[PDB]
Structures are given as structure tokens and as C-alpha cells.
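As a starting point, one isolated chain is supplied in C-alpha cells, in the form deposited in one PDB entry.
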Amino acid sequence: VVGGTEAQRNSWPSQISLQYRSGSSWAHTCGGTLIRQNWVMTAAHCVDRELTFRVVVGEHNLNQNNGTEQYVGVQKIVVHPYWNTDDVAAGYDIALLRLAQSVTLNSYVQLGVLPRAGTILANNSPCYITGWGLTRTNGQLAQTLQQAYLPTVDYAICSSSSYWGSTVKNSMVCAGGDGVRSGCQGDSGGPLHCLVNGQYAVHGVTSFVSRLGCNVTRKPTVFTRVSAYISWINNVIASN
């Protein structure tokens, strides 16, 4: 997250860190959202490589024991049927990960609330992005979870010429674009939390930023719109 502030430990308990095995250690590569005790939602492009993956829930400082983490393996990866690696602008950047065991819920580990199917937010709706991604374009990862206030940019504005044009589709949510705050590499797969009827719900899965940089004016961070995929999500959990 560029232009973030550090999050409190218990503020976003459905956030997870998706990590892959890297020699004798594990390395953060993406975020995700815990949606069931044994299912995580993340972006399909985070699991394009055929690596060994684990999920860490109750995480706050990547490099330190916090006394709250649980570590669990990924047993099955279901990416969207229509995802295409060579075409992230087409959408469908979403995947669900079945965990090897069910995690224990507590004040640090909770399920993410999903929106109702079809829900579209009004422009400039209050949302927060969270993650351990780069804190500057071409910088390095954060050690502790960061958050940034990122209001939505609706489809009509985001698909206009000066913003993303044809690259953004209506299956996506745009948020931010002020040139200071944004998602960045390593935040991919993570939540966009938006306040709706006094409750935070996860309306986006972080998908992409500009090739020019993470925080670029009029190039808001782009998210997979979760409410376009509620039927698919529920069909996969009900049979896997």
C-alpha cells in the first residue's frame, strides 16, 4: 500500500497473507480474504505459478512472532474458468483456495462479509485497502499491515479516457487515483473493505495498478468486483 498508515492489530481480521515456499523459507506474495473457516478468496493471478502455497491468518508483522498467527496449507485451488493470464483486463481475476484444515476464529481471525449479488457502490463511497505490499513504486514490502482510505471511482468515470478507458470493465471496482495513496505489488488478492449500512464488507479483490507506477493520478487501483461473483463463489463452496 502506498501512502498508507499502519493498521491496528484487530481492525481487519479477515485479511490473510498468501505465501509461497522459497528455499527454506516462506515469502509473502499476495493478500486474500478468509470467507469460510476453510476457504480463502484471492486473485487468480496470484496463483498462476505452480508453487507451494500457504496461508497465514491472524497476521500483523510479517517478520515477528505476534502470538496470534495460524499457519495452514492450501489443499485445492479453484480459479475462475474464464481467467486468462495474458488478459487481466478481461477480468475474472479471482480464485478460491481450500485450506488443508479449518482455522480457529477469534478476535484476530474472522470471516469477511461479502456483498449481496449485483451491488454497485455509488461514486466516492468510503473504502479502505489493506495489505503488506510495496509502500512505494519499486520499493519494498511493508512489515506491518498497512491501510489506506481509497474512495471509489464509479464505472462511468473510471472507464473514461483520462482514467483507465477500455481497460476497466463493469465487473471491476476502481478506487483511489489521487496520486498519493494506492494499492501496489504484494497487495494483489487482498480486500477492499467498504462501509455499507454500518458494516464493512469486502467489495473488491485487488487486481492491478498502472504499469507506470502504483500511485498515479487518475489511474486508480482496480479491483475484481466481488458482487459480480457471488453465485460462482457459492457454487464452488457447495461442491468442493
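For every residue, the number given is its place in the sequence shown, counted from 1.
Although not depicted, the form deposited with a partner chain bound is the subject of the following passage.
(message) Only one of 111, 89, 77, 100 gets a heavy atom within 4.5 Å of its partner chain in the deposited bound form. Which one?
(response) Of 111, 89, 77, 100, the residue with a heavy atom within 4.5 Å of its partner chain in the deposited bound form is 89.
(message) Quick check on this chain: which one of 41, 57, 184, 202 has a heavy atom within 4.5 Å of its partner chain in the deposited bound form?
(response) So the residue touching its partner chain in the deposited bound form, by this definition, is 184.
(message) Each of 9, 33 and 144 within 4.5 Å of its partner chain in the deposited bound form, by any heavy atom, yes or no?
(response) Verified in the deposited bound form; spot residues all out of contact, no.
(request) Name the stretch: of 207-215, 33-41, 65-73, 192-200, exactly one has residues whose heavy atoms fall within 4.5 Å of its partner chain in the deposited bound form. (result) Careful reading of the contacts points to 207-215.
(request) Considering only heavy atoms, tell me if residue 123 and its partner chain come within 4.5 Å of each other in the deposited bound form. (result) Contact check for residue 123: no, nothing within 4.5 Å of its partner chain in the deposited bound form.
(message) Although the partner isn't part of this model, could you tell me whether residue 167 comes within 4.5 Å of its partner chain in the deposited bound form, counting any heavy atom of the residue?
(response) Answer yes; at least one heavy atom of residue 167 falls within 4.5 Å of its partner chain in the deposited bound form.
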